[PDB]
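Below are the chains, spelled out letter by letter.
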Amino acid sequence: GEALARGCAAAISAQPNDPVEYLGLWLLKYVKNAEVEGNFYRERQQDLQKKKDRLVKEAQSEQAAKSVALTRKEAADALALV
Amino acid sequence: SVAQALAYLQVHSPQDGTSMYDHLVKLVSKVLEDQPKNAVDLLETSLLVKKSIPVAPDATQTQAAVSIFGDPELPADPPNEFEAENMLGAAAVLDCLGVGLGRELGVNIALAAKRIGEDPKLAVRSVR
Amino acid sequence: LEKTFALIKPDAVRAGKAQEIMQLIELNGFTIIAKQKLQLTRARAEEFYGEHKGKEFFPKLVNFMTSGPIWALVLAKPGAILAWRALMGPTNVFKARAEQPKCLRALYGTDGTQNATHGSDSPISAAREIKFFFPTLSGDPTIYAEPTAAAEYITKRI
Amino acid sequence: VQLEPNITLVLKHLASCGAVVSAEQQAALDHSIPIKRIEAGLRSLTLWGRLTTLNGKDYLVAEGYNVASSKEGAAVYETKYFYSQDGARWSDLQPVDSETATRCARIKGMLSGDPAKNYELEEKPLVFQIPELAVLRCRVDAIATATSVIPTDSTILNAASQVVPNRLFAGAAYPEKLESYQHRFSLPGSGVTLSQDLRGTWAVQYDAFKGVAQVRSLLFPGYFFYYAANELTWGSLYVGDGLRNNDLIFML
Amino acid sequence: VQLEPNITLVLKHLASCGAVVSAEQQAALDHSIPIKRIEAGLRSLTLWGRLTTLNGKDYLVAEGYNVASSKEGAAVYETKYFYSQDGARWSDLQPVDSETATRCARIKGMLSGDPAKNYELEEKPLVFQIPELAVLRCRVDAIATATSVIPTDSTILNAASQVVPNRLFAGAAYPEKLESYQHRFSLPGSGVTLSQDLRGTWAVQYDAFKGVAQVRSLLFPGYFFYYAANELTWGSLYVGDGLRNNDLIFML
Amino acid sequence: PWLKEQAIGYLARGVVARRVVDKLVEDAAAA
Amino acid sequence: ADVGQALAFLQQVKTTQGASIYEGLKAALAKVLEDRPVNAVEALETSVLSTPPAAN
Amino acid sequence: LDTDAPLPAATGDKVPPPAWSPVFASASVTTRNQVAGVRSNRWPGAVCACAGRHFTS
């Protein structure tokens, strides 16, 4: 698989004294990062969602007060012309 | 002044794994294999790349300075008597007049004169 | 770009002059790719000078190169190999002190073995020294990427 | 932007709040803090506070750490505490178990000032003997988890997911509002500030001409924090016996 | 990285060098500097120094500026100076013409301490009367153009070609060497440091354990500069009568 | 045996990326 | 000869927050070389390829 | 001040805390020209001090 080919690539590039052992170590680090990448993606997406939801609630909270003050002004000014 | 930049970029990092040159090499080597047909963000791809004898001075002078504080350690002969002036009051007077060495050094000087005047092997009558 | 391997020996370290030596190294246009302060053992100090197992002064040296901590450095500059040696100057401290009174060894050396520095001499030897001390820094994957020698290195790896 | 609080500026700005140290102890600290910081291998070490005792030998407490990391949504600082009674020789202030934490939480009053003393508690009649340094460490832990104030967005997360100083920090826009400050253990960008604390447990006095804000804890009276906005420095200090103010609802 | 020198840290670090101020003057400065800085519209204002007089009313001198710009290869600071004799009320220290600069340069001795006094000079016999504040301004100008020390690469040039603090400054690599410091009016990246000055006019003492370097001027004895490397602060102060040391070749 | 030449292509790609970065820093200096 | 192909490829693909990934990296490197920052490798993500939240 | 009523006992100790405590100007009894005084435990914040014929509260 790609693991074997890239491990041989590393064993030729870095040129270790013990090729097989360093190869295995690199294999293990790679198979850990294979999950770490998806975990990073999950973290980023979830944090962005949290941010957006906080901002959505901050917006609705002000929309409510806008409407309430507007209704107050509505009634107050309507009384003037009756 | 181009080999200067290329040399600077390869300054290996003890904290991180490798140099900045190698970081960019790995980033580009991934992108050339990644081939984002639509687009890609630099920050996120660089983050995905990254996520995949002590040298201390000698404390002799400082410890000698700190040893004048408190009382020495015992594994005691009587300290000899000596006369002197009010040295903390001297630091205060000098500080009020705007001369001298301050008032932290006044404390250090008073404790040093104490360590001198109270010495058996040096039978002192008075210190100033 | 040329990378050379340097060394600050225990006599300069004990005199409190490693910082001055590094500052002069960088005042002379060099760039310290890496620095480290380690303590060399006996067998590793042997294998480092392993090409002088039959030399007479070998024990006299190896007992000195373990007398304390050393500074291993990797320097880089356009034409770095020979400029570093022109900086270290002659190997005999007295010869150097006679010829170049402002040289490095003429300022921080005392003896024919207490010269305070040790550069490389040939690019082969420089690469070998660096791979010995800093086995992490990758050195020219371009050159070692021979399309034929790679199959032979695979035979070696198997 | 500072990299670490400066004890000189702290003692200068928080002296009006009565947070002072003796002169001898000030000099002794100026010498002793670097020694202990080096010989413990720590990147940061500062004076945390000073707890008064019944025999006049107050405990000076110092707090240090090496690196802070983001774990489980919290910025965790692996802190280590030291104590002293003269300002010259620092001893360790070892952590306490969770079971003993409750018992020392039950012990009140001003500390004795004798590190060898131990108090007694009675339960169902099983008697426990709690060392005084245990009580000290827990009071410090309580005060620390309550306050630990820094400015907002003064820290930042780096590639290794560690909390480091934000060297491009420009300052708090509104220094007289509690939104400008936060707890240390709140992650950068989490939006949790001191305004999310129980309303009425913090007071803020801001001198808008000199640009110095003082944040006082009312829940733990004795914790003071200062923030100077023209020089971009800040720092805190605790001075007092270490007991929480439980009558706060009746005092506001 | 500091944004402006702090007078408290300056007076704390340079007190060993005898650069001290009275206690009353210290408090008075703590109040008066912000007032004058605001009511003059200046971004920076610090205590420059203190010149001794014959009647005991030493002149405190403060220096302020708004922005520094690169002009003709020099980092020019449009500085403005103020003087005081009590530390509470600052008056202007107005510039002096070039023709009068020579005459006041010829006047020596310790200043009188009476701002209304004027000295006399004789030339070809035309007599000139030079006000004392002119002499004071000239001495301050000479000392300023001689020393004005900052660390190297602590400033930087911005897009508008103005000299601003380098907020990513990491510190001087070798604090005990004169290459780590430079004049203020040297452009960033120009490579001109204090080592280009006349060899022997500067002394450097570096406490490598605490990390505090002290740079003393030998040409103008009385100018002290400090640099603390663990906290990344620095600052200078002049204390003395303001006369240059011309016998330097015989004293080294 | 097919892994050999695949690794060869990987190493050639690495050299390619190295030269790319060389040109990139060369351009950055002029910029 | 693949060098020119890769260069065209990089000058082709556009940044998410810009264009010409090649030119983005070039501006990043020019900024890093303009003022060699403290911990440049770490400053890559905290000062140049991003912006801290309270920067101005 | 020896005769002032002590504070009530607090949990953890049976002895009533005293009404006043000492404050010291040095960590060694041998230091010359020391100053000293007392601080209140009933009113935390009040202090009295005396060096020679000179005292304050």
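Its PDB header attributes the entry to cryo-EM and lists the resolution as 3.03 Å.

**Considerations on the overall build of chain H**
For chain H, the count of helices and strands is zero helices and four strands. Listing each helix as α and each strand as β along chain H from the N terminus yields β-β-β-β. Its C-alpha radius of gyration of 14 Å places chain H more than 25% over the 10 Å reference for a compact globule of 57 residues. Its C-alpha atoms give chain H principal-axis dimensions of about 40 × 25 × 20 Å. Residues classed as buried in chain H amount to 21% of the 57 residues present.

**Some points on the interface of chain F and chain A**
Listed per partner, the contact involves five residues of chain F and eight residues of chain A. Taken over both partners, the interface formed by chain F and chain A buries close to 580 Å², and the fraction arising from carbon and sulfur atoms is 82%. When the area that chain F buries against chain A is broken down by residue, the three leading residues are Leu3, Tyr10 and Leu11 of chain F, summing to 77%. Viewed at the interface, chain A and chain F are joined by zero salt bridges. Between chain F and chain A we count one residue pair in polar contact in total. Within the side of chain F that touches chain A, the residues separate by chemical class into four nonpolar, one polar and no charged.

**Comments concerning the nonpolar core**
In this structure, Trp90 and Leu237 of chain D together with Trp90 and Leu237 of chain E are the most contacted members of the largest nonpolar core, which totals 42 residues. Setting aside anything within four residues of it in sequence, one finds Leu237 of chain E in contact with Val10, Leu11, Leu14, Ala19, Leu47, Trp48, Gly49, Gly222, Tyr223 and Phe224 of chain E. Counting residues in hydrophobic clusters, the runner-up holds 37 residues, among them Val1, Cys104, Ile107 and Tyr227 of chain D.

**Some details on the interface of chain G and chain B**
In this complex, chain G contributes 24 residues to the contact, which on the side of chain B involves 23 residues. For the pairing of chain G and chain B, the buried interface totals around 2100 Å² over both sides, and the portion due to carbon and sulfur atoms is 74%. Across the pair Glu45 of chain G and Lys50 of chain B runs a salt bridge whose closest N-O atoms are separated by 2.4 Å. Of all the secondary structure elements, the ones that give two or more residues to the side of chain G that touches chain B are α1 (2-12), α2 (21-34) and α3 (40-48) of chain G. Considering each element in turn, the side of chain G that touches chain B owes the most residues, six residues, to α2 of chain G. Each residue belonging to the side of chain G that touches chain B can be placed in one class, and the counts come to 14 nonpolar, six polar and four charged.

**Some remarks on the pairing of strand β14 (residues 212-217) of chain E**
Residue and element names in this part refer to chain E. Of all the six residues making up β14, five are buried; the element is thus mostly covered by neighbouring parts of the structure. Pairing geometry for strand β13 (residues 202-207) and β14, over six bridges, is antiparallel. Among the inter-strand pairings, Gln205 is bridged to a residue of β14, identified as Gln214. Following β13, the chain reverses through four residues before pairing antiparallel with β14; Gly211 in that reversal takes a positive phi of roughly 85°. As paired strands, β14 and strand β15 (residues 223-228) are joined by five bridges and run antiparallel to one another. Across the sheet, the residue bridging to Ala213 is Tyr227, located in β15.

**Focus: the environment of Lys53 of chain C**
Residue and element names in this part refer to chain C. Tracing the sequence through the fold places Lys53 in the loop between α3 (42-48) and α4 (58-62). Since its relative accessible area comes to 75%, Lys53 is described here as exposed. Sequence-wise, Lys53 and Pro135 are 82 residues apart; in three dimensions their C-alpha atoms are separated by 24 Å.

**Here we look at the state of the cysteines**
Here a disulfide denotes one covalent bond, and it connects the sulfur atoms of two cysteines. Residues and elements named next belong to chain E. One pass over the full model with this rule turns up one disulfide over all chains. Here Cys104 engages in a disulfide with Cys138; their sulfurs sit 2.3 Å apart. One quick way to see it: the torsion about the S-S bond of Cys104 and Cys138 is about -80°, and its sign makes the bridge left-handed. Each of the two residues, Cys104 as well as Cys138, counts as buried.

**Structural notes on the arrangement of the chains**
Ranking the 17 pairs of chains in contact by contact count places chains B and G at the top. In this structure chain E stays clear of chain H, and the shortest span between their C-alpha atoms is 21 Å. There is a gap between chain G and chain H: no contact, and a shortest C-alpha distance of 40 Å.

**Considerations on the environment of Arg43 of chain E**
Residue and element names in this part refer to chain E. Looking at where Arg43 falls in the secondary structure, it is placed in the loop between α2 (23-39) and β1 (44-51). Its relative accessible area of 57% is what places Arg43 among the exposed residues. C-alpha of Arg43 to C-alpha of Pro95: the two residues are 52 residues apart in sequence and 20 Å apart in space. The residues touching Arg43, leaving out its near neighbours within four places in the chain, are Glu4, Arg37, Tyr65 and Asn66.

What counts and how
Residues numbered from 1 in each chain as written, not as in the entry; some residues may be left out. Chains lettered and ligands numbered in written order. Part of a larger assembly, values for the part shown. Heavy atoms only, no water. Residues with missing side-chain atoms left out of burial classes, pairs and counts. Helix = DSSP H or I, 4+ residues; strand = E, 2+ residues; numbered from the N terminus. Rg over C-alpha atoms; globule rule 2.2 N^0.38 Å. Buried < 20%, exposed > 50% of the residue type's maximum accessible area, 1.4 Å probe, protein only. Contact = heavy atoms within 4.5 Å. Buried area = accessible area lost by both parts, 1.4 Å probe. Salt bridge = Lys/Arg side-chain N within 4 Å of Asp/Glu carboxyl O. Polar contact = N/O pair within 3.5 Å; in protein donor to acceptor, adjacent residues only side chain to side chain. Nonpolar A, V, L, I, M, F, W, Y, C, P; charged D, E, K, R; others polar. Core = buried A, V, L, I, M, F, W, Y, C linked by side-chain atoms within 4.5 Å. Pairing = 2+ DSSP bridges. Disulfide = S-S within 2.5 Å.

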